[PDB]
Every structure is written in C-alpha cells, then in structure tokens.
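Residue numbers (the deposited numbering): 312 to 373.
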DNA sequence: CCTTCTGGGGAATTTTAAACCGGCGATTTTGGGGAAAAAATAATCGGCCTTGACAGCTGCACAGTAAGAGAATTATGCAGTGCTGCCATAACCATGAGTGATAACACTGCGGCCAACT
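Written out as structure tokens, the structure reads:
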C-alpha cells in the first residue's frame, strides 16, 4: 500500500483489504488493521525505494 | 348672670404638579461616487492512490430473414424496307447596303550586313 508517497509491504493476510494508518504529529506511523495492531514498519528518516523494500523482505524471508 | 373664646361650614382664591403639544437642535439615513478589500468562482498545477492488463489469437456455428449474383426467358423498342404524297428549298432577277479594297503618310517589324569578342 501507499502513504504520503512512500510504499509499504505488508504480509499475505493483509493483501486486498483496507487498513487504517494513524500518524501522530510526532511523526511515527502505526498501522491498525481490523481494530488490531500489526507489526511496525520501522519507519526511517531516509526514504528507501520500493525496490529496496522488496530486497529487504526477500532477505528477511530467506 | 354676662362676656369671650373657639369650632364648623360654605365660598373665594392660589399654587404646584402633571400631561399634552409644539418648537428647536441633533443624529441618522438615504443616495451617489470612489477606492479598497474580501470572497467566490474557475482554471491550472502537482502528486498520491489504486487497479487493469500484459500474459498466442479469434474464427467459427446456428438461427432467421433478406439481399444479391448469375443465368434463362420474355417483352418491348429500335431499326429496316417499300410505296406514296406533300412541303421546302432553290434558282433567277432586281435593288439596296455593308465591307473589303485602294491611295497616302507614319510608324514599326524582320531580314541582310558589319563589327566586336572569344
């Protein structure tokens, strides 16, 4: 999905469903799906391209 | 025994309070003109969010009706030929009018001759 020009990668269960992003004025993004809370997206100051996110998820699943 | 004092009541008069109506002074309001600001509306800009497609391609089959393409057949219009009659034209002569021609001068076009350059 996308948020303010940055694209995030969720897991299988979340594909094809509507999540709710909640962003404090502090500057931290929290993803709430179906009332519950899902894993944090380790938001970073430096923007990383979708390709780098795919590579990171690939290495993590490896 | 008598005199004087006092009190009540009706009439006349005076003063002050209240209410209305008018006059006078002030602010408000309406209208027009000029400037400034706000808002509304439309157009243009950037960007985010989300999803469709790209994955060999589409031609054929059936249903009913209508059209059309080709070939055979039929109808009709043109053409061809013969005989007779009528209308047009043409041929000649006369007279009038238009144009082609002829004379003369002036300007221009074409052919013969001379010279200059390569």
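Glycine included, C-beta positions come from ideal geometry on N, C-alpha and C.
### Message
If I follow the unbroken alpha helix (DSSP H) through residue 361, where does it start and stop?
### Response
Within the first chain, numbered from 1, the residue matching residue 361 stands at position 50. Following the DSSP letters along the chain, one finds residue 361 inside the alpha helix (DSSP H) bounded by residues 361 to 372.
### Message
Can you give me the C-alpha to C-alpha distance between residue 365 and residue 347, rounded to a whole angstrom?
### Response
By 1-based counting over the first chain, the position of residue 365 is 54. By 1-based counting over the first chain, the position of residue 347 is 36. Approximately 25 Å, taken between the alpha carbons.
### Message
Quick check: residue 343 and residue 333, are their CB atoms within less than 9 Å of each other?
### Response
Looking up residue 343 in the first chain gives position 32. Looking up residue 333 in the first chain gives position 22. Contact flag set, yes.
### Query
What did DSSP end up calling residue 332 once you bin it into helix, strand or coil?
In the first chain, residue 332 corresponds to position 21, counting from 1. DSSP places residue 332 in strand when its eight states are reduced to three.
### Query
By how many angstroms is the C-alpha of residue 340 removed from the C-alpha of residue 315?
Within the first chain, the letter at position 4 stands for residue 315. Within the first chain, the letter at position 29 stands for residue 340. Their backbone Cα atoms lie some 11 Å apart in a straight line.
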